[PDB]
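Taking the form deposited in one PDB entry, here's one chain by itself in structure tokens.
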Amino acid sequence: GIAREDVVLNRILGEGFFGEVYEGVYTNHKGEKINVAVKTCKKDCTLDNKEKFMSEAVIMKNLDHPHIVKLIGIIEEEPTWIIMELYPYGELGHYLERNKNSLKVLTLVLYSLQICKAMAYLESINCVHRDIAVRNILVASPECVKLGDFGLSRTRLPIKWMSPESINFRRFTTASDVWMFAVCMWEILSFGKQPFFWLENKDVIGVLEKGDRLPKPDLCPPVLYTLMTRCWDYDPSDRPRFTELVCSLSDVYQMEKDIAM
């Protein structure tokens, strides 16, 4: 069990949905230093916001995966603190924008592949992620991204990222996560472009009903855009399960390192 004394804040990382996140340091019990990020709860509305905060904590306590943010410990007390590993590189959306020219599609696929395995894992443990989006994904290194911890489950709504069912009947299933995930693949492959930036929220469903979808992205192969295309099938039962995307992407990528002279 870790205690407040073991943590030393240094600055403000930003403002999360629940309140400031702080960069700090955490000394072991062997005496070792570890850069860290500390999730805190605003001036959180009564039960509602804190409960949502706790719910996230509890899930995170349980998860364990190379491509999910590393939870280091929790200070249940007051105010309660969630200590995550820090990833200096920051959000993928921005690392994407500031490295267009440097990044080789074999990398953009590698990212997608690791996000997918993170999802397959989550699916296995009965969890859903309500925020698979490039600004909610962290860059651990150049060859490694780590998914969120926020949207993690089982308002402001990524309508532009949600399946039709997710919109009409607020149904958030693992098949709607398959849809949301493909939208995140698009986002990577399109160097941080915002999905449907031309539309306003209130008209997305309409668009998809007509059968309109996000355009192939420049660097995206055809096998991949086709795979993405199935995840956007209006009929849930039609889209691929994670286990399958992890196989296909696992191919499109080992092929991608083949096509690599």
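Residues that one form lacks are left out of the comparison. Rigid core (definition): largest C-alpha set, two forms, superposition within 1.5 Å. Don't overthink the numbering: it's just position in the shown sequence, from 1.
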>> Counting only other entries that model residues on either side, is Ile75 absent from the coordinates in at least a third?
In response: no
> For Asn136, does the count of other compared entries lacking it reach at least a third?
Replying inline: no
>> Can you tell me how many deposited residues have no coordinates between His94 and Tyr95? The categories are none, 1 to 3, 4 to 9, and 10 or more.
In response: none
>> Can you tell me whether 81-89 has a higher mean C-alpha B factor than 165-173 in this record, or the other way round?
In response: 165-173
> What stretch has the higher average Cα B-factor here, 29-37 or 65-73?
Replying inline: 29-37
>> Among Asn136, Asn101, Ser124, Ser112, where is the Cα B factor highest in this entry?
In response: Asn101
>> Ranking every modelled residue in this chain by its Cα temperature factor as given in the entry, which third contains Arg230?
In response: lowest
> Going by what the PDB entry lists, where does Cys144 fall on CA B-factor within its chain: lowest, middle or highest third?
Replying inline: middle
>> By the recorded C-alpha temperature factor, relative to the other modelled residues in its chain, which third is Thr155 in?
In response: highest
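Same protein, other form: the form deposited in another entry, not shown, and the subject of what follows.
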> After the core is overlaid between the shown form and the other one, has the C-alpha of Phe53 moved by 2 angstroms or more?
Replying inline: yes
> After fitting the rigid core, is the C-alpha of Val21 off by 2 Å or more between the shown form and the other one?
Replying inline: yes
>> Once both forms sit on the same rigid core, is the C-alpha displacement of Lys42 at or above 2 Å between the shown form and the other one?
In response: yes
> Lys30 and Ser141: do their C-alpha atoms lie closer or farther in the other form than in the form you see, with a change of 3 Å or more?
Replying inline: closer
> Listed by sequence position, which runs of three or more consecutive residues have C-alpha shifts of 2 Å or more between the shown form and the other one, the rigid core held fixed?
Replying inline: 10-23, 28-35, 40-55, 77-79, 152-154
